[PDB]
Undergrad: 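Sending over a structure as structure tokens; questions will come in a sec.
Order of the sequence lines sets the chain letters (A, B, ...), proteins ahead of strands, with each chain counted from 1. What's counted below: heavy atoms across the whole structure, side chains too, no hydrogens, waters or symmetry copies.
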Amino acid sequence: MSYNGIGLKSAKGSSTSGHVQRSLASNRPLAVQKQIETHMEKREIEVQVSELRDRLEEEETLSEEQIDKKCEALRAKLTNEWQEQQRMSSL
Amino acid sequence: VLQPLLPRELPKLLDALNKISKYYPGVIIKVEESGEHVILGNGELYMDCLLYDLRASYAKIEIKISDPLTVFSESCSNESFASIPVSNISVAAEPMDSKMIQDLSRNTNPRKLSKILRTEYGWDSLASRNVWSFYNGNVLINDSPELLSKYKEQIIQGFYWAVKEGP
Amino acid sequence: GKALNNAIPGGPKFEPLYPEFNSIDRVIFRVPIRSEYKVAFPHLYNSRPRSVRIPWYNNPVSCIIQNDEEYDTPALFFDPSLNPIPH
Amino acid sequence: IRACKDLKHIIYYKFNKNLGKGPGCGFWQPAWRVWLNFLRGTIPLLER
Amino acid sequence: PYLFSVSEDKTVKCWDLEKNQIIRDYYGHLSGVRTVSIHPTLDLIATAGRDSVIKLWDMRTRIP
Amino acid sequence: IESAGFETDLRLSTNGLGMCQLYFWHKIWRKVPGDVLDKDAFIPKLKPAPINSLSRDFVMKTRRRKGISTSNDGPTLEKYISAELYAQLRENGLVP
RNA sequence: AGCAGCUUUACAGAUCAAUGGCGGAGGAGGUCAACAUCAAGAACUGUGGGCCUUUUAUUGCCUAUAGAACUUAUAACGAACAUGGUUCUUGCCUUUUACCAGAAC
Ligand SMILES: O=P(O)(O)O[C@H]1[C@H](OP(=O)(O)O)[C@@H](OP(=O)(O)O)[C@H](OP(=O)(O)O)[C@@H](OP(=O)(O)O)[C@H]1OP(=O)(O)O
């Protein structure tokens, strides 16, 4: 009977004792990254607009239309500041 | 992983697996795309018991089985280096925060959810609003809204297909 | 062991009762499947467990404290082996 | 005969633990049982 | 559920058809057995051959 | 993946004076050592792979088990993105 | 403990007709014997009622009720343990017996 897959099925018919011994002898910023950076910069503007929206909605004081108007105004302001900064940096 | 010893007996195995799937609630049995059957169980004794039931009572056929394996999962350890689009719609990914992984693993309205995310997880204002779905420990974030909202359902479905069979 | 033609240490040996899948390039080798595992969980660790009889799983760990050693030690005593109850 | 040889081995090594080699082990009960069981099966054979 | 077979080797054998194995052997014919007939209402079999005699065997004990 | 026969080894080593229970009610998922993209990781044919090769070994053995790979043909971004873009990514030092 | 109730196998006193209650008209053993029974739908008989079978003799099922000794769940009278036959597959072999050692009946 084998042990850990090693031995004979049986010693009978092998002409040997079947004794098994373990062998002691064996032992340029890729355009896609610039695209992600530009996306993150524009995202910061949209994040500011969304935060303003969150504040106005939580105050439950303004109608959804007035909140949309204030968000569009803030978006336009921040987008203009960003375009001016990009023009200045590229300059 | 298992398969019948004799292919002629595959339908008997199918019937037996259905019985097992019903009698062993916690077992998950799924046929893989290669045609081999996968059995997921709680441990070595659980498997030994269900395999005895297959061989001795439900299937009564001989079944070849693999050595024990485990269910792996695919993840990312850093943010995506580039916004690469695909064609045949660019998507990015990041390592989810430990705290949210743990709470989702324990299963713990849009404005309420945005409060949860902003106060305990510190997500920004947009992320806390644009979450489209939570599935198997993963999150899809949408960040003109009308331009995208046309196919929200189909995008979510694609995400559901991706999260259950990674690259 | 007899049915599986597997001989555990110190156990009896017998004649064998019986004369793409699992290829080494597809198998994850983490721990060798010991023969003891093949008798411990004979349905899980064998592909053809014919004539196998499922064994008794286990018995609660024994905690019988021994005595009759010192003539005057009582039947009930807090043996040195026991953890104290420090609450 | 083999069973008795095997019993002698386990018996003697239990018996001789701090005594060494030499006669003196008289624990014949196990080998005696072996021969009684041999007779149990030899009886019908020899009767026939 | 039995099959009876006879051969030139002088043997008469009963096969258990639930196992497809020989279970009973009827010894006694001096030479090759040519024919066998099962009794319709008794647990008996008739066999005959070159020894010019008919042997009637009780199925259970195998006694002629 | 390392738990096979753990209970048997424990019970035998302690001569029955020790018992164990293994469970997964706390869904702990841990990073397998090594890198998945290390296509040069050494992997013994029969013995357990070295620590740093585990992620590669487990991925490749899984792919071959599922028939996703014929070999060292493992996962790469080139299978989904266009060939000419990957040719650039490999020269930029992102992924060879 | 004292007091109270219920109960009566005993003792005493009173009573002692009938009726009722209660109890009764061998025991322990035997390296004695005979007979019966002991491995199965977890798997037992009888009495009573219904249906079927049976054809004067009883079987099976359902239902009601009474009893179920011994043996058995990491299954079995035996906390133990021999041999033989047939068949198959092996061993040593030089043919049989006698044998090797696994299986099945
Ligand atoms: O041949 P050894 O290896 O030296 O063993 C011998 C041998 O026993 P076995 O050969 O059967 O193992 C003797 O038996 P015999 O040669 O006489 O048949 C036995 O003596 P007994 O006659 O009393 O059986 C003796 O026992 P002792 O220990 O008393 O010397 C025992 O020695 P060890 O087994 O201890 O080596």
Undergrad: Quick one: does F:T62's side chain have a donor or acceptor within less than 3.5 Å of a partner on F:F58's backbone?
TA: yes

Undergrad: Taking B:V27's backbone N and O only, do any of them form a donor-acceptor pair with B:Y46's side chain (distance below 3.5 Å, no angle check)?
TA: yes

Undergrad: Scan side-chain atoms only and decide if F:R56 and F:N72 contain a donor-acceptor pair under the 3.5 Å cut-off.
TA: yes

Undergrad: Does NZ or CZ of F:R65 lie under 6.0 Å from the centre of the six-membered ring of C:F21, at an angle within 45° of the ring axis?
TA: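 Verdict for C:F21: a cation-pi partner in F:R65.
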
Undergrad: Going through the distances and angles, do B:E153 and B:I156 end up as a side-chain contact (heavy atoms from CB on, under 4.5 Å)?
TA: CA-CA 5 Å; B:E153 176 204 84; B:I156 284 170; 5.8 Å; no

Undergrad: If you define the side chain from C-beta out and look only at heavy atoms, does anything of B:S105 sit under 4.5 Å from F:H26?
TA: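 With C-beta onward as the side chain, the pair stays apart.
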
Undergrad: Within 45° of the axis and under 6.0 Å from the centre of the six-membered ring of C:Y57, does NZ or CZ of F:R11 qualify?
TA: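 Cation-pi check for F:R11 and C:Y57: passes.
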
Undergrad: Taking B:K60 for the side chain and B:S57 for the main chain, is one N or O donor matched with an acceptor at less than 3.5 Å?
TA: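 Yes, because the side chain of B:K60 sits within donor-acceptor range (under 3.5 Å) of the backbone of B:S57.
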
Undergrad: Would you confirm whether F:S55, through its side chain, and F:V32, through its main-chain N or O, come within 3.5 Å as a donor-acceptor pair?
TA: yes

Undergrad: Would you check if the distance from the ring center of B:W123 to the ring center of B:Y121 is below 6.0 Å?
TA: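 No, the ring of B:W123 stays outside the 6.0 Å limit from the ring of B:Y121, centre to centre.
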
Undergrad: Keeping the roles fixed (side chain from B:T119, backbone from B:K115), state whether a donor-acceptor pair exists under 3.5 Å.
TA: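 Answer holds: no.
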
Undergrad: Between B:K99 (side chain only) and B:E120 (backbone N and O only), is there a donor and an acceptor less than 3.5 Å apart?
TA: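 Yes, because the side chain of B:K99 sits within donor-acceptor range (under 3.5 Å) of the backbone of B:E120.
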
Undergrad: Within the side chain of B:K12, is there an N or O that forms a donor-acceptor pair under 3.5 Å with the backbone of B:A59?
TA: no

Undergrad: Pairing donors with acceptors under 3.5 angstrom, does anything connect the side chains of A:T16 and A:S14?
TA: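 A donor-acceptor contact under 3.5 Å links the two side chains.
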
Undergrad: Between B:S114 (side chain only) and B:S128 (backbone N and O only), is there a donor and an acceptor less than 3.5 Å apart?
TA: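 Between the backbone of B:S128 and the side chain of B:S114 there is no qualifying donor-acceptor contact (under 3.5 Å).
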
Undergrad: Will you find, in the side chains of F:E7 and C:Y37, an N or O donor that is under 3.5 Å from an N or O acceptor?
TA: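 Absent: no donor and acceptor within the cut-off.
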
Undergrad: So, applying side chain to side chain contact (heavy atoms under 4.5 Å, CB included) with B:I29, which one of B:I20, B:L2, B:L40 is it?
TA: B:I20

Undergrad: Within the distance-only criterion (no hydrogens, no angle test), does the side chain of F:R64 pair as donor or acceptor with the backbone N or O of F:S71 below 3.5 angstrom?
TA: yes

Undergrad: So, does C:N22 use its side chain to make a donor-acceptor pair with the main chain of B:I65 at under 3.5 Å?
TA: yes

Undergrad: Do B:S133 and B:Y160 meet the criterion of a side-chain donor-acceptor pair at a distance under 3.5 Å?
TA: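 The criterion, which ignores hydrogens and geometry beyond distance, is satisfied for B:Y160 and B:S133.
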
